[PDB]
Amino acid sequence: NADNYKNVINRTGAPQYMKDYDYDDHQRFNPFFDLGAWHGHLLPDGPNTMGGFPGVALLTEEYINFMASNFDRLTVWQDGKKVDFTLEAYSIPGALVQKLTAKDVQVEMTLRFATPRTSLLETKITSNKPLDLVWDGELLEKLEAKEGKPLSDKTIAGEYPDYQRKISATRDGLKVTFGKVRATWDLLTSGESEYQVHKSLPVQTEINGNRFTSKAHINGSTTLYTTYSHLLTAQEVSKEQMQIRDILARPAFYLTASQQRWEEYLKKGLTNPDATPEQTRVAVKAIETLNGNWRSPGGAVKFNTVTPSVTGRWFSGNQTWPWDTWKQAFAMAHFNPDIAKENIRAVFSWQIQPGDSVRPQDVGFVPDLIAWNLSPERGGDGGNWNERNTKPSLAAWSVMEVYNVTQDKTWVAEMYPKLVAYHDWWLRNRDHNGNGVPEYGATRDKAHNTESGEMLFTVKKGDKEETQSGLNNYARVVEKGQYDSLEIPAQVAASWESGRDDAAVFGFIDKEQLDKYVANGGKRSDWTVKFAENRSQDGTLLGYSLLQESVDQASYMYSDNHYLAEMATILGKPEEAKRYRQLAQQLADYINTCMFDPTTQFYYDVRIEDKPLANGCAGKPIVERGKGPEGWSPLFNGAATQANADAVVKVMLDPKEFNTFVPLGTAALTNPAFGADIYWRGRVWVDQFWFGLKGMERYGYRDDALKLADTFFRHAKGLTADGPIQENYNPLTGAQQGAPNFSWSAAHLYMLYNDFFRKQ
């Protein structure tokens, strides 16, 4: 099956910089990674890379960095003369292949992954006469470029004097050793990491600084085997040696293992017979993308996980977020369920337990960002690890999907208490007014407050910065309004927790947009989101909340309650199931009564006003900040009444609202803060789009949902091309932006393939 999908993504490239970046700082080539390995490979594109797989990409704990352009490139010689080959090179799901053809000699090279640290190259050589073989390689010297043009003349050695890269011959090949570099935002190594090459035949190696040449002589047709291993600790180095020996001992077994695993991914995953060839290839792109972004256990993360992008500036290593994980595992349930399960475990593996040394007041909390290196507060030197906030919860929905496929009740039994702990955490620490409807917010944190628990903030006016603390001073300053801006680190983290950091609904709007809003009759203060601290009975600071209840978050809580009810029933916990059923019903009633505007016939967030409404709602729908994708969150999540869903579907299909060139973007055309190129105020994301389609389907509009899917398929740029998957689309032009090889989009493109794409 794999052979039907050659070059689904362009995996060619010959990088010349460690940071061979695109416009947005992401590695501009798309290397092949598999088995959760910590290195990857590209295809040759021409005579200068022919005979090897260039662009060895190392995952240095939390980042992707290229090591070399050519490394272990084969040239062949027969009687003192170099054999001139022609090249055919291609990817398939699970392998890179290149075929070299000359008259008297042919070579077939197949590169697959054998372990979580090691790839295996088969070099199959056909020749009726003896040959001399030569392998060469060279470490990169130059640091950084953008769009192929250097940003500076900085060198790698120059930038990182302790990196101390050295190539050494071994008893069975060679190795590259690396010094300890703790460059928190660029390059992380242990001082014990290595890149090892082991081969099945004796070789003779000459080393010349950062280049090498290796030689061997063979007597005729022969198949050689070479392992490539990026090993990040002393203990990884030690443990891998017996694996590498087994691989060179049983190479066919490892090749077959990979072939079969990939046939299984494709068999299990490609289950929409109505889909066209083009549509199915999109699903294969998503499968290759997701599987490449999977990482084995590494550092503090003791489970397999999946990151938003192995090639991403800030998304590589094993950096893992919960929001991304829910959708990732939802999709991967349908083709790589074992890793879907692991990914969810990874996220809950650092869930806060009672007695936690940093935040005992956050039991059940799930960190925003986990990674190889713990933060200084937990004993590591990691800059990325984040516990300032979490992300919106579709955890139960994610877990349930894994169950739907596997029917594995032991999986439900495992996750249920962890899901319940997160649930209970939301209700304790993100419910400022105590009404059972959550807010987006932030934790108590060194970045957010003093040691005594006084919320930090910085008032700005012209060029004067005034840094104060305490919720007393914040209220006193908000009223006056004699500031250009008010920076509240805890409110920044609340925007991160919402998952949509410049959204209209959360008060984000540009200067010219606001002027027009005011000229049309509104007030500037309509766009001010107020902020509050959350405390327990005894006065313990639990964290913070936006003084605003979000309709998407409420709907996700409805989801959580609905799916916990089903899990409780599966597990034979009827009384707990009944409680969640009632909580679900309570949220649905609140969402429908409080958040659905009778007048505009659409859903919106509500403010937590100074006093609740007579009907018990926290405040009125925030109609004036305009319509967004949160308005269909109740449909996707199943909270809406039929009447309210019918109304919302009318708006979604309205070409003056959301039925744009690429439909269902992150702000209606009528939104006062709309911008086609703004991430969370116009741009179309595949998750929010798919939530829309599912929401429509649930309330009887599958036919219209299938039409929108067709429109997406015809209008979203690059979909049928061989480019890597990115983050979002301009709703007017269809133009793509964001990180290449983006898991979240791949997840929902896969879902669209399964649920809505079809032959017209």
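Note that residue numbering follows the sequence shown and begins at 1.
Once the C-alpha B-factors are averaged per stretch, 608 to 616 and 455 to 463 rank with 455 to 463 first. The PDB entry reports B-factors from which the mean C-alpha value can be compared for 301 to 309 and 486 to 494; the larger average falls on 486 to 494. Across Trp685, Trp326, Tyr416, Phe113, the entry's maximum B-factor at the CA atom is seen for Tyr416. Of the residues listed, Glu122, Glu288, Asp368, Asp408, the entry assigns the biggest Cα temperature factor to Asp408. Ranked by Cα temperature factor within the chain, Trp314 sits in the lowest third according to the deposited record.
Among all modelled residues in this chain, the alpha-carbon of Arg698 has a temperature factor (C-alpha) in the highest third. Ranked by Cα temperature factor within the chain, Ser69 sits in the middle third according to the deposited record. Looking at the C-alpha B-factors along this chain, the one for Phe253 belongs to the middle third. Looking at the C-alpha B-factors along this chain, the one for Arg476 belongs to the highest third.
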